[PDB]
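Q: The structure is given below, and queries will be raised subsequently.
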Amino acid sequence: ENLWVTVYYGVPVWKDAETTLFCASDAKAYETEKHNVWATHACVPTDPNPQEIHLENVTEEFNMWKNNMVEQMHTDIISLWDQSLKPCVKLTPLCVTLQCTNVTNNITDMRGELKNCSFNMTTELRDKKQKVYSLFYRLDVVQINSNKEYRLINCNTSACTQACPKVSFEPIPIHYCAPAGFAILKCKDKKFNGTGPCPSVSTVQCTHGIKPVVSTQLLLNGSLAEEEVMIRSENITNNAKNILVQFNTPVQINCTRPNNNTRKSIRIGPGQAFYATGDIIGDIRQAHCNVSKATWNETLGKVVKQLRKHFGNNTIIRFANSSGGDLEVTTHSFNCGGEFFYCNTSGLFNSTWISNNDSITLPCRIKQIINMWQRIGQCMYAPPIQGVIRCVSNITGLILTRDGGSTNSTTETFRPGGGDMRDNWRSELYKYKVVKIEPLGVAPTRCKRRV
Amino acid sequence: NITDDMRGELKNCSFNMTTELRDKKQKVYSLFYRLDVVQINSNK
Amino acid sequence: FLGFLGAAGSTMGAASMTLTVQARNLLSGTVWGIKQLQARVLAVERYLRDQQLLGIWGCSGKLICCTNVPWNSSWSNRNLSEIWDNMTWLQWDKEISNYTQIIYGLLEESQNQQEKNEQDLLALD
Ligand SMILES: *[C@@H]1O[C@H](CO)[C@@H](O)[C@H](O)[C@H]1NC(C)=O
Ligand SMILES: *[C@@H]1O[C@H](CO)[C@@H](O)[C@H](O)[C@H]1NC(C)=O
Ligand SMILES: *[C@@H]1O[C@H](CO)[C@@H](O)[C@H](O)[C@H]1NC(C)=O
Ligand SMILES: *[C@@H]1O[C@H](CO)[C@@H](O)[C@H](O)[C@H]1NC(C)=O
Ligand SMILES: *[C@@H]1O[C@H](CO)[C@@H](O)[C@H](O)[C@H]1NC(C)=O
Ligand SMILES: *[C@@H]1O[C@H](CO)[C@@H](O)[C@H](O)[C@H]1NC(C)=O
Ligand SMILES: *[C@@H]1O[C@H](CO)[C@@H](O)[C@H](O)[C@H]1NC(C)=O
Ligand SMILES: *[C@@H]1O[C@H](CO)[C@@H](O)[C@H](O)[C@H]1NC(C)=O
Ligand SMILES: *[C@@H]1O[C@H](CO)[C@@H](O)[C@H](O)[C@H]1NC(C)=O
Ligand SMILES: *[C@@H]1O[C@H](CO)[C@@H](O)[C@H](O)[C@H]1NC(C)=O
Ligand SMILES: *[C@@H]1O[C@H](CO)[C@@H](O)[C@H](O)[C@H]1NC(C)=O
Ligand SMILES: *[C@@H]1O[C@H](CO)[C@@H](O)[C@H](O)[C@H]1NC(C)=O
Ligand SMILES: *[C@@H]1O[C@H](CO)[C@@H](O)[C@H](O)[C@H]1NC(C)=O
Ligand SMILES: *[C@@H]1O[C@H](CO)[C@@H](O)[C@H](O)[C@H]1NC(C)=O
Ligand SMILES: *[C@@H]1O[C@H](CO)[C@@H](O)[C@H](O)[C@H]1NC(C)=O
Ligand SMILES: *[C@@H]1O[C@H](CO)[C@@H](O)[C@H](O)[C@H]1NC(C)=O
Ligand SMILES: *[C@@H]1O[C@H](CO)[C@@H](O)[C@H](O)[C@H]1NC(C)=O
């Protein structure tokens with residue numbers, strides 16, 4: 001009935017696509033003269049106020065387990081960490097034999113944790129040598145066949161780099177923004193499991209502040225829920241998929257290192273220095289972390305109540321400790337002010353639940369030669385820190401796992417897991433999606449072009 | 001082994017080499033071709 | 001004000017009045033040293049190709065442009081009455097997506113290529 005093709009430009013149509021995002025950093029702490037391992041000089045300042053646009057009658061489909069933003073964030077974090085350790089001292093001449101002996105002195109019983117080692121080291125002049133001593137943890141030295149012979153644990157895999165002493169490891173919020181022609185969709189559904197149609201879709205200019213916190217078996221300083229404890233998994237039937245838990249209310253954890261350290265500088269070359277622990281003044285005590293018993297019990301009860309819905313109605317829920325493996329996957333590993341902790345989370349996951357001012361002290365261990373990002377051939381030798389360190393944090397999540405069930409029911413045991421850093425950022429980049437705007441369309445009107 | 005027509009071309013060279021530890025040294029050997037070595041002024 | 005992509009759930013009759021909002025948002029202005037330098041070039045090239053395609057037709061600098069191609073290839077099987085008042089632009093792309101490569105060639109041969117030839121032979125006299 002006299003209908004002809006009409007071209008419209010600028011129609012609101014979008015399709016799924018993958019692109020590269022950039023920074024947006026707050027200007028409050030952007031101007032300070034403090035260097036961080038996550039660079040800020042290459043990130044543009046953020047907008048003074050975000051622009052939130054609500055979409056009516058729009059129903060999009062999200063999927064938290066197939067998002068490219070997590071992979072891009074992982075690549076950027078790894079690249080930043082690799083770039084932050086370049087311009088300064090490399091500890092190649094430290095692969096020498098050592099004459100180590102027990103520290104003793106004040107031992108509360110840390111019997112063999114610390115060792116007093118002496119060695120020969122080069123000086124600024126090429127033809128002279130100096131004899132110095134340093135204190136090393138038991139997790140860094142390996143005996144080679146009373147003053148016995150020891151050696152560093154990395155002296156047969158790779159000569160590594162010393163951590164730059166001018167940088168800091170404190171996380172800072174990072175915003176990711178899409179380029180022109182691309183939009184970010186935000187799911188505002190409070191009860192969303194990360195996978196499926198979202199009723200409340202809202203166009204957001206960028207993202208919020210996401211702190212790159214590195215931890216295992218627990219989530220520290222994350223995003224809390226709004227209504228109830230949320231359990232999200234890719235396949236709840238499969239036992240080979242990790243389970244992500246989000247806490248409604250955060251519990252408090254305090255960590256400290258009671259020893260008062262003392263850092264001394266040793267010159268190993270022209271313009272190069274090595275930082276060692278000379279003496280410990282005071283008393284020697286173990287590092288520990290504490291969790292309030294009642295708040296943890298209430299949080300675990302809420303987790304059990306919200307976990308009962310998926311599995312059954314009369315099955316018992318049991319919590320056990322880790323199974324085995326490396327030290328980084330069986331302990332709660334984190335960073336407190338520049339010192340790396342490895343805490344024993346065995347008194348936390350120890351309960352059995354039936355359908356019918358105390359604190360929990362967690363012993364921890366400290367290591368100086370670490371190897372993160374699950375790589376082989378690179379270290380990050382953290383220098384000693386003078387004084388006493390303390391940290392107060394929030395526990396706003398869990399990474400649980402399930403064992404192979406027997407008799408198909410009547411028991412379900414959950415133990416903590418971890419190891420992969422993508423699960424840390426999947427818990428925060430779950431409400432976001434990237435789309436590509438297509439502005440060209442055709443529709444039938446009754447125009448005929450003048451001839 | 002035999003050395004029938006291939007005349008002196010492989011050399012049994014022994015030398016001092018470093019190890020992983022900075023203050024220790026090894027004593028190893030290798031078979032080097034004649035086209036990759038030159039004399040400097042039995043065991044020569 | 002509805003803002004960018006404000007009329008995404010609105011009908012076709014109310015979404016065609018805000019084409020200017022989405023028209024201007026398609027062109028705005030070592031880690032993070034080559035990311036932008038490769039994203040902006042792609043953003044420029046995606047816009048230039050669309051502006052060349054819209055213009056090898058007879059529609060050069062107009063946001064709404066209606067031509068003289070009959071409605072034969074694109075089988076909507078639906079009348080104008082329930083299209084501009086009972087459907088959104090997102091649902092339209094789901095129906096006509098197979099016929100968007102045999103309708104982009106009827107706008108380049110049956111229109112503005114033939115049409116540009118009798119005009120060249122009529123200003124001759
Ligand atoms: C370590 O041994 C040196 C002697 O080589 C000694 O002077 C120093 O006090 C010892 N340090 C501790 C903590 O015992
Ligand atoms: C350092 O070298 C001297 C020889 O110059 C040696 O007597 C001493 O035992 C060495 N110290 C060690 C291996 O700790
Ligand atoms: C998430 O919720 C949706 C309901 O929209 C459901 O279809 C889906 O199975 C849920 N995912 C899991 C892993 O249970
Ligand atoms: C989820 O796990 C079940 C049980 O192992 C398996 O049969 C299924 O293929 C998995 N994937 C799904 C449902 O997408
Ligand atoms: C630790 O030792 C320093 C001196 O090196 C001292 O100033 C400080 O007060 C000590 N800290 C404590 C808690 O005693
Ligand atoms: C941690 O320390 C704060 C004081 O800074 C205290 O209020 C809180 O109770 C402590 N947490 C635990 C679990 O003891
Ligand atoms: C479990 O049983 C209770 C009643 O005891 C019921 O309210 C609840 O819906 C049941 N949950 C199921 C069947 O998943
Ligand atoms: C877990 O607890 C058992 C005690 O039942 C203990 O033998 C084992 O060493 C613990 N594992 C870890 C990783 O703490
Ligand atoms: C943690 O504690 C358990 C028992 O409390 C102990 O068997 C284990 O050796 C400790 N360390 C690790 C790394 O599991
Ligand atoms: C769990 O708690 C009980 C009661 O205190 C204790 O006997 C048991 O050893 C604990 N389990 C582990 C693995 O330490
Ligand atoms: C506290 O934890 C214990 C586990 O040792 C559990 O049996 C008990 O039911 C918990 N209390 C409450 C009020 O849930
Ligand atoms: C921990 O959570 C509380 C809210 O319960 C919040 O006030 C506090 O700032 C959080 N601590 C952080 C984010 O370090
Ligand atoms: C290796 O060094 C030793 C002394 O350290 C020397 O006696 C020997 O001749 C050397 N071997 C060579 C040069 O092949
Ligand atoms: C959204 O859907 C409701 C339910 O049909 C409708 O009444 C409303 O008009 C729709 N919104 C717009 C902007 O048309
Ligand atoms: C017009 O519609 C008929 C119906 O099938 C189709 O065969 C023909 O190819 C169409 N014309 C063009 C130019 O596509
Ligand atoms: C026009 O479209 C309507 C659908 O709204 C349909 O009922 C009617 O039959 C169509 N008219 C013709 C001539 O195809
Ligand atoms: C257009 O082609 C695709 C690919 O063969 C096909 O899946 C789709 O159904 C076609 N469109 C229609 C309307 O049949």
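Labels used: A, B, ... for chains in the order of the structure tokens, numbers from 1 for residues in each chain, and numbers from 1 for ligands as shown.
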For ligand 9, list the contacting residues at 12 Å or closer, counting only C-alpha atoms and all ligand atoms, as an MDAnalysis selection string.
A: chainID A and resid 139 320:333 341:350 361:366
Q: Could you list, as a list in words, every residue within 8 Å of range 27-41 of chain B, counting only C-alpha atoms and ignoring same-chain residues fewer than 2 positions away?
A: residues 8, 9, 10, 11, 12, 13, 14, 15, 16, 17, 25 and 44 of chain B
Q: Mind writing the picked residues with C-alpha atoms as an mmCIF file, in the first residue's frame?
A:
data_model
loop_
_atom_site.group_PDB
_atom_site.id
_atom_site.type_symbol
_atom_site.label_atom_id
_atom_site.label_comp_id
_atom_site.auth_asym_id
_atom_site.auth_seq_id
_atom_site.Cartn_x
_atom_site.Cartn_y
_atom_site.Cartn_z
ATOM 1 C CA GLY B 8 91.396 -34.699 13.723
ATOM 2 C CA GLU B 9 88.232 -32.611 13.770
ATOM 3 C CA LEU B 10 86.641 -33.352 17.166
ATOM 4 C CA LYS B 11 88.526 -32.082 20.217
ATOM 5 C CA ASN B 12 88.159 -33.419 23.768
ATOM 6 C CA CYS B 13 88.369 -30.159 25.723
ATOM 7 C CA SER B 14 88.319 -29.871 29.522
ATOM 8 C CA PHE B 15 87.779 -26.554 31.290
ATOM 9 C CA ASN B 16 86.637 -24.899 34.517
ATOM 10 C CA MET B 17 83.015 -23.766 34.729
ATOM 11 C CA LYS B 25 83.498 -23.913 40.454
ATOM 12 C CA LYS B 44 97.586 -27.737 24.642
#
Q: List all protein, DNA and RNA residues that have an atom no more than 10 Å from any atom of ligand 17, counting only C-alpha atoms and all ligand atoms, and report them as a list in words.
A: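 Residues lying within 10 Å of ligand 17: residues 74, 75, 76, 94, 95, 96, 97, 98, 99 and 100 of chain C.
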Q: Could you turn the residues from that selection into a file that holds C-alpha atoms, as a short mmCIF file (atom, residue, chain, number, x, y, z; two decimals), in the first residue's frame?
A:
data_model
loop_
_atom_site.label_atom_id
_atom_site.label_comp_id
_atom_site.auth_asym_id
_atom_site.auth_seq_id
_atom_site.Cartn_x
_atom_site.Cartn_y
_atom_site.Cartn_z
CA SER C 74 12.33 -7.09 3.30
CA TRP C 75 9.39 -9.30 4.27
CA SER C 76 8.00 -7.74 7.42
CA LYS C 94 15.46 -9.48 15.39
CA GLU C 95 12.92 -9.79 12.55
CA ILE C 96 14.75 -8.08 9.68
CA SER C 97 18.35 -9.25 9.98
CA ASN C 98 18.61 -11.82 7.16
CA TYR C 99 17.27 -9.23 4.68
CA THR C 100 19.77 -6.48 5.55
#
Q: Could you list, as a compact mmCIF listing (two decimals) with N, CA, C and O atoms, in the first residue's frame, every residue within 10 Å of range 369-385 of chain A, counting only C-alpha atoms and ignoring same-chain residues fewer than 3 positions away?
A:
# COMPACT_ATOMS: atom_id res chain seq x y z
N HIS A 74 42.79 -9.13 34.64
CA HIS A 74 43.90 -10.00 35.03
C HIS A 74 45.16 -9.68 34.23
O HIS A 74 46.26 -9.58 34.80
N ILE A 77 46.59 -6.27 35.43
CA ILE A 77 47.22 -6.35 36.74
C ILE A 77 48.57 -7.06 36.65
O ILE A 77 49.56 -6.63 37.25
N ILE A 78 48.63 -8.16 35.88
CA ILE A 78 49.90 -8.87 35.71
C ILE A 78 50.93 -7.99 35.02
O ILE A 78 52.10 -7.95 35.41
N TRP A 81 52.21 -5.36 37.47
CA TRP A 81 53.13 -5.96 38.44
C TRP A 81 54.49 -6.24 37.81
O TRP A 81 55.52 -6.03 38.45
N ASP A 82 54.50 -6.72 36.56
CA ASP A 82 55.76 -6.97 35.88
C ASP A 82 56.51 -5.68 35.61
O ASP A 82 57.74 -5.63 35.73
N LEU A 85 58.63 -3.68 38.71
CA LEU A 85 59.85 -4.21 39.31
C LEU A 85 61.08 -4.05 38.42
O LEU A 85 62.11 -4.68 38.69
N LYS A 90 68.56 -5.70 41.28
CA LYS A 90 68.45 -7.13 41.04
C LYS A 90 69.43 -7.86 41.96
O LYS A 90 70.61 -7.50 42.02
N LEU A 91 68.94 -8.87 42.67
CA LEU A 91 69.74 -9.58 43.68
C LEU A 91 70.39 -10.83 43.09
O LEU A 91 70.11 -11.96 43.51
N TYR A 137 64.21 -16.38 57.54
CA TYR A 137 63.18 -17.30 58.01
C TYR A 137 63.51 -18.72 57.58
O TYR A 137 64.31 -18.96 56.67
N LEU A 139 61.56 -20.72 56.08
CA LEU A 139 60.91 -21.03 54.81
C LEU A 139 61.69 -20.53 53.61
O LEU A 139 61.25 -20.74 52.47
N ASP A 140 62.83 -19.86 53.82
CA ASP A 140 63.61 -19.31 52.73
C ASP A 140 64.94 -20.01 52.50
O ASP A 140 65.51 -19.88 51.41
N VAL A 141 65.44 -20.76 53.48
CA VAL A 141 66.74 -21.41 53.38
C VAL A 141 66.54 -22.91 53.23
O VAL A 141 65.62 -23.50 53.80
N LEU A 152 69.86 -20.26 49.66
CA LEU A 152 68.54 -19.71 49.37
C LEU A 152 67.73 -20.68 48.52
O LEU A 152 68.27 -21.48 47.76
N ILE A 153 66.40 -20.60 48.67
CA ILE A 153 65.52 -21.56 48.02
C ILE A 153 65.39 -21.32 46.52
O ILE A 153 64.96 -22.22 45.79
N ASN A 154 65.76 -20.13 46.04
CA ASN A 154 65.59 -19.79 44.63
C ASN A 154 66.89 -19.85 43.84
O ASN A 154 66.91 -19.41 42.69
N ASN A 156 68.47 -22.26 42.49
CA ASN A 156 68.56 -23.27 41.45
C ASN A 156 67.44 -23.15 40.42
O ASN A 156 67.40 -23.97 39.49
N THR A 157 66.55 -22.18 40.56
CA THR A 157 65.49 -21.94 39.59
C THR A 157 65.68 -20.65 38.82
O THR A 157 65.65 -20.66 37.58
N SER A 158 65.90 -19.52 39.50
CA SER A 158 66.10 -18.25 38.83
C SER A 158 66.69 -17.24 39.81
O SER A 158 66.26 -17.15 40.96
N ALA A 159 67.67 -16.48 39.33
CA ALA A 159 68.11 -15.28 40.03
C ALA A 159 67.05 -14.20 39.85
O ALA A 159 66.62 -13.93 38.72
N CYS A 160 66.53 -13.69 40.97
CA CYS A 160 65.36 -12.78 40.91
C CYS A 160 65.68 -11.32 41.25
O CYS A 160 66.86 -11.01 41.52
N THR A 161 64.65 -10.46 41.28
CA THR A 161 64.83 -9.01 41.53
C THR A 161 64.37 -8.64 42.94
O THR A 161 63.38 -9.24 43.41
N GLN A 162 65.05 -7.69 43.59
CA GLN A 162 64.61 -7.21 44.93
C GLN A 162 63.43 -6.26 44.75
O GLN A 162 63.45 -5.47 43.79
N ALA A 163 62.44 -6.32 45.65
CA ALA A 163 61.28 -5.40 45.59
C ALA A 163 61.78 -3.95 45.69
O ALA A 163 62.56 -3.66 46.63
N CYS A 164 61.34 -3.09 44.78
CA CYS A 164 61.73 -1.65 44.83
C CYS A 164 61.27 -1.07 46.17
O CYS A 164 60.07 -1.20 46.49
N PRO A 165 62.15 -0.43 46.97
CA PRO A 165 61.78 0.07 48.29
C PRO A 165 61.04 1.42 48.26
O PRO A 165 60.70 1.92 49.31
N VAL A 214 44.51 -8.85 46.63
CA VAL A 214 44.99 -10.20 46.36
C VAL A 214 44.91 -11.00 47.66
O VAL A 214 45.58 -10.68 48.64
N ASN A 260 59.65 -6.55 66.92
CA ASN A 260 60.17 -5.25 66.53
C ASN A 260 61.45 -5.47 65.73
O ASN A 260 62.49 -5.82 66.29
N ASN A 261 61.37 -5.25 64.42
CA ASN A 261 62.48 -5.54 63.53
C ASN A 261 63.45 -4.36 63.46
O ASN A 261 63.21 -3.28 64.00
N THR A 262 64.56 -4.58 62.76
CA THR A 262 65.57 -3.55 62.54
C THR A 262 66.24 -3.83 61.21
O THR A 262 66.87 -4.88 61.04
N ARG A 263 66.10 -2.90 60.27
CA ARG A 263 66.61 -3.07 58.91
C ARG A 263 67.96 -2.39 58.77
O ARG A 263 68.11 -1.22 59.13
N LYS A 264 68.94 -3.13 58.24
CA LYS A 264 70.26 -2.60 57.95
C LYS A 264 70.53 -2.70 56.46
O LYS A 264 70.04 -3.62 55.78
N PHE A 274 71.48 -3.79 49.62
CA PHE A 274 70.70 -4.94 50.05
C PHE A 274 70.25 -4.72 51.48
O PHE A 274 71.06 -4.36 52.34
N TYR A 275 68.96 -4.93 51.74
CA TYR A 275 68.37 -4.65 53.04
C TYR A 275 68.19 -5.96 53.80
O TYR A 275 67.56 -6.90 53.30
N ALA A 276 68.72 -6.02 55.02
CA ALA A 276 68.72 -7.23 55.82
C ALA A 276 68.25 -6.91 57.24
O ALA A 276 68.27 -5.76 57.69
N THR A 277 67.81 -7.96 57.94
CA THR A 277 67.40 -7.84 59.33
C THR A 277 68.61 -8.04 60.23
O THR A 277 69.20 -9.12 60.25
N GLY A 278 68.98 -7.00 60.98
CA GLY A 278 70.12 -7.10 61.86
C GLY A 278 69.80 -7.75 63.19
O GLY A 278 70.33 -8.82 63.51
N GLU A 328 50.49 -21.75 49.41
CA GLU A 328 49.66 -20.63 49.00
C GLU A 328 48.19 -21.01 48.82
O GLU A 328 47.33 -20.13 48.85
N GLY A 337 50.56 -4.29 55.01
CA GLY A 337 51.55 -3.23 55.13
C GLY A 337 52.88 -3.51 54.47
O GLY A 337 53.83 -2.76 54.70
N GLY A 338 52.97 -4.55 53.64
CA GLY A 338 54.21 -4.91 52.98
C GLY A 338 54.80 -6.23 53.43
O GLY A 338 55.78 -6.68 52.82
N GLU A 339 54.25 -6.85 54.46
CA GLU A 339 54.68 -8.17 54.91
C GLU A 339 53.62 -9.20 54.53
O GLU A 339 52.42 -8.96 54.72
N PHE A 340 54.07 -10.33 54.00
CA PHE A 340 53.17 -11.34 53.45
C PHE A 340 52.90 -12.40 54.51
O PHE A 340 53.83 -13.00 55.05
N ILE A 366 55.29 -15.94 58.02
CA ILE A 366 55.74 -14.86 57.16
C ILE A 366 56.88 -15.37 56.29
O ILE A 366 57.78 -16.06 56.78
N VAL A 388 56.37 -2.27 64.28
CA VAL A 388 55.29 -3.23 64.48
C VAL A 388 54.14 -2.84 63.56
O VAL A 388 53.74 -1.68 63.51
N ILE A 389 53.61 -3.83 62.83
CA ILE A 389 52.56 -3.59 61.85
C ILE A 389 51.24 -4.10 62.39
O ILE A 389 51.18 -5.05 63.18
N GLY A 419 43.34 -20.17 44.72
CA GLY A 419 44.46 -20.40 43.84
C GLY A 419 44.45 -19.52 42.60
O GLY A 419 45.50 -19.04 42.17
N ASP A 420 43.28 -19.32 42.02
CA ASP A 420 43.12 -18.49 40.84
C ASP A 420 42.62 -17.11 41.23
O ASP A 420 41.71 -16.97 42.05
N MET A 421 43.24 -16.08 40.65
CA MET A 421 42.90 -14.70 40.98
C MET A 421 41.71 -14.17 40.19
O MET A 421 41.22 -13.08 40.50
Q: Once you count only C-alpha atoms and all ligand atoms, which residues end up within 10 Å of ligand 7, and could you hand them over as a list in words?
A: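 Final answer, ordered by chain and number: residues 308, 309, 310, 311, 312, 313, 314 and 355 of chain A.
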Q: For CA of residue 405 in chain A and CA of residue 238 in chain A, quote the distance in Å rounded to one decimal.
A: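 Distance between the two atoms: 10.6 Å.
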Q: Quick one: everything within 10 Å of residue 269 in chain A, counting only C-alpha atoms, minus sequence neighbours fewer than 5 positions away in the same chain. Send it as an NGL selection string.
A: :A and (93 or 121-126 or 274)
Q: Counting only C-alpha atoms and all ligand atoms, which protein, DNA or RNA residues come within 12 Å of ligand 11, given as number ranges by chain?
A: A: 292-305, 317-320, 347-356, 360
Q: Using only C-alpha atoms, pick whichever of A:182, A:176, A:247, A:65 has the shortest atom-to-atom distance to residue 46 in chain C.
A: A:182
Q: Could you please extract the residues within 8 Å of ligand 3, counting only C-alpha atoms and all ligand atoms, and hand them back as a PyMOL selection string?
A: chain A and resi 192-198+232-236+310
Q: Deliver the residues from the most recent selection as a file, using N, CA and C atoms, as a CSV table (one decimal), in the first residue's frame.
A:
chain,number,residue,atom,x,y,z
A,192,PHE,N,20.2,-11.2,42.3
A,192,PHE,CA,20.7,-11.7,40.9
A,192,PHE,C,21.8,-12.7,41.2
A,193,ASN,N,21.7,-13.9,40.5
A,193,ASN,CA,22.8,-14.9,40.7
A,193,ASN,C,23.9,-14.7,39.7
A,194,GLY,N,23.9,-13.7,38.9
A,194,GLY,CA,25.0,-13.4,38.0
A,194,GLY,C,24.7,-14.0,36.6
A,195,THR,N,23.8,-15.0,36.5
A,195,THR,CA,23.5,-15.6,35.2
A,195,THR,C,22.0,-15.6,34.9
A,196,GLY,N,21.6,-15.0,33.8
A,196,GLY,CA,20.1,-15.0,33.4
A,196,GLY,C,19.6,-13.6,33.1
A,197,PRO,N,18.3,-13.5,32.7
A,197,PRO,CA,17.7,-12.2,32.4
A,197,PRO,C,17.7,-11.3,33.6
A,198,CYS,N,18.0,-10.0,33.4
A,198,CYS,CA,18.0,-9.0,34.5
A,198,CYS,C,16.9,-8.0,34.3
A,232,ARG,N,26.6,-18.0,44.4
A,232,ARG,CA,26.7,-18.0,43.0
A,232,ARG,C,27.7,-19.1,42.5
A,233,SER,N,27.3,-19.9,41.6
A,233,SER,CA,28.1,-20.9,41.0
A,233,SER,C,27.7,-21.1,39.5
A,234,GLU,N,28.7,-21.6,38.7
A,234,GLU,CA,28.4,-21.9,37.3
A,234,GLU,C,27.6,-23.1,37.1
A,235,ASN,N,27.8,-24.1,37.9
A,235,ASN,CA,27.1,-25.4,37.9
A,235,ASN,C,27.0,-26.0,39.3
A,236,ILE,N,25.9,-25.8,40.0
A,236,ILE,CA,25.9,-26.2,41.4
A,236,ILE,C,25.8,-27.8,41.5
A,310,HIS,N,19.5,-24.9,47.8
A,310,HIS,CA,19.9,-25.5,46.6
A,310,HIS,C,20.1,-27.0,46.6
Q: Quick one: residues within 8 Å of residue 306 in chain A, only C-alpha atoms, excluding same-chain residues fewer than 6 positions away - as a list in words?
A: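 Residues near the query, excluding close chain neighbours: residues 229, 230 and 231 of chain A.
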Q: Using only C-alpha atoms and all ligand atoms, find each protein or nucleic acid residue lying at most 8 Å from ligand 2; present the set as a ChimeraX atom specification.
A: /A:97-99,118-120,129,131
Q: Write to file, as an mmCIF file, in the first residue's frame, the residues of the selection just made, with C-alpha atoms.
A:
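Output (out.cif):
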data_model
loop_
_atom_site.group_PDB
_atom_site.id
_atom_site.type_symbol
_atom_site.label_atom_id
_atom_site.label_comp_id
_atom_site.auth_asym_id
_atom_site.auth_seq_id
_atom_site.Cartn_x
_atom_site.Cartn_y
_atom_site.Cartn_z
ATOM 1 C CA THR A 97 76.784 -20.635 50.726
ATOM 2 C CA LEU A 98 75.645 -19.670 54.221
ATOM 3 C CA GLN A 99 76.701 -20.531 57.780
ATOM 4 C CA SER A 118 76.650 -15.351 57.867
ATOM 5 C CA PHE A 119 78.138 -15.147 54.382
ATOM 6 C CA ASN A 120 80.673 -13.403 52.151
ATOM 7 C CA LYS A 129 85.002 -8.623 49.868
ATOM 8 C CA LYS A 131 81.680 -10.419 55.736
#
Q: Give the answer as one residue: which of A:24, A:178, A:281, A:184 has the shortest atom-to-atom distance to ligand 1, using only C-alpha atoms and all ligand atoms?
A: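 The answer is A:281, which sits nearest to ligand 1.
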Q: Identify, with DSSP run on backbone atoms, the residues in chain B assigned to strand (DSSP E), and express the list as a list in words.
A: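 After running DSSP on the backbone, chain B has strand (DSSP E) at residues 10, 11, 12, 13, 14, 15, 28, 29, 30, 31, 32 and 33 of chain B.
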Q: Could you tell me how far CA of residue 102 in chain A lies from CA of residue 134 in chain A, in Å and to one decimal?
A: 12.1 Å
Q: Tell me, as a ChimeraX atom specification, which residues lie within 10 Å of residue 445 in chain A, counting only C-alpha atoms; anything in the same chain fewer than 2 positions away does not count.
A: /A:2-7,442-443,447-448 /C:66-67,71,80,84
Q: Show me which residues sit within 10 Å of ligand 16 when counting only C-alpha atoms and all ligand atoms, and put them as an MDAnalysis selection string.
A: (chainID A and resid 1) or (chainID C and resid 77:83)
Q: Store the residues picked out above in a file with N, CA and C atoms, as an mmCIF file, in the first residue's frame.
A:
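Written out: out30.cif:
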data_model
loop_
_atom_site.group_PDB
_atom_site.id
_atom_site.type_symbol
_atom_site.label_atom_id
_atom_site.label_comp_id
_atom_site.auth_asym_id
_atom_site.auth_seq_id
_atom_site.Cartn_x
_atom_site.Cartn_y
_atom_site.Cartn_z
ATOM 1 N N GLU A 1 0.826 -1.202 0.000
ATOM 2 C CA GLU A 1 0.000 0.000 0.000
ATOM 3 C C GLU A 1 0.863 1.256 0.000
ATOM 4 N N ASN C 77 5.849 -8.596 6.635
ATOM 5 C CA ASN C 77 4.523 -9.219 6.729
ATOM 6 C C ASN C 77 3.680 -8.562 7.819
ATOM 7 N N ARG C 78 3.816 -7.237 7.938
ATOM 8 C CA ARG C 78 3.090 -6.487 8.998
ATOM 9 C C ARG C 78 2.826 -5.065 8.495
ATOM 10 N N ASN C 79 1.680 -4.480 8.853
ATOM 11 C CA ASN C 79 1.324 -3.135 8.320
ATOM 12 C C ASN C 79 1.877 -2.027 9.225
ATOM 13 N N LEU C 80 1.982 -0.802 8.696
ATOM 14 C CA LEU C 80 2.559 0.349 9.446
ATOM 15 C C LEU C 80 1.827 0.562 10.778
ATOM 16 N N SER C 81 0.524 0.265 10.838
ATOM 17 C CA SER C 81 -0.284 0.537 12.059
ATOM 18 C C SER C 81 0.372 -0.032 13.324
ATOM 19 N N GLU C 82 0.743 -1.317 13.329
ATOM 20 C CA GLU C 82 1.273 -1.933 14.582
ATOM 21 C C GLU C 82 2.804 -2.031 14.547
ATOM 22 N N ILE C 83 3.473 -1.184 13.758
ATOM 23 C CA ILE C 83 4.933 -1.175 13.768
ATOM 24 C C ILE C 83 5.477 0.030 14.523
#
Q: Skip residue 423 in chain A itself and residues of its chain fewer than 5 positions away, then list as a compact mmCIF listing (two decimals) with N, CA, C and O atoms, in the first residue's frame all residues within 9 Å of it, counting only C-alpha atoms.
A:
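The resulting file, around-v4.txt, is reproduced below:
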# COMPACT_ATOMS: atom_id res chain seq x y z
N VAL A 70 36.98 -9.66 33.15
CA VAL A 70 37.82 -10.33 34.14
C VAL A 70 39.18 -10.67 33.55
O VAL A 70 40.22 -10.44 34.18
N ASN A 242 34.09 -23.97 41.66
CA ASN A 242 34.16 -23.22 42.90
C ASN A 242 32.85 -22.49 43.16
O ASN A 242 32.11 -22.14 42.24
N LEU A 244 31.05 -19.21 45.06
CA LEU A 244 31.30 -17.86 45.56
C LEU A 244 30.17 -17.44 46.49
O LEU A 244 29.00 -17.51 46.12
N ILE A 399 35.32 -18.46 49.26
CA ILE A 399 35.49 -19.28 48.06
C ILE A 399 35.51 -20.73 48.53
O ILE A 399 36.56 -21.27 48.89
N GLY A 418 40.70 -21.92 46.45
CA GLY A 418 41.32 -20.74 45.91
C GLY A 418 42.43 -21.11 44.94
O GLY A 418 42.45 -22.22 44.41
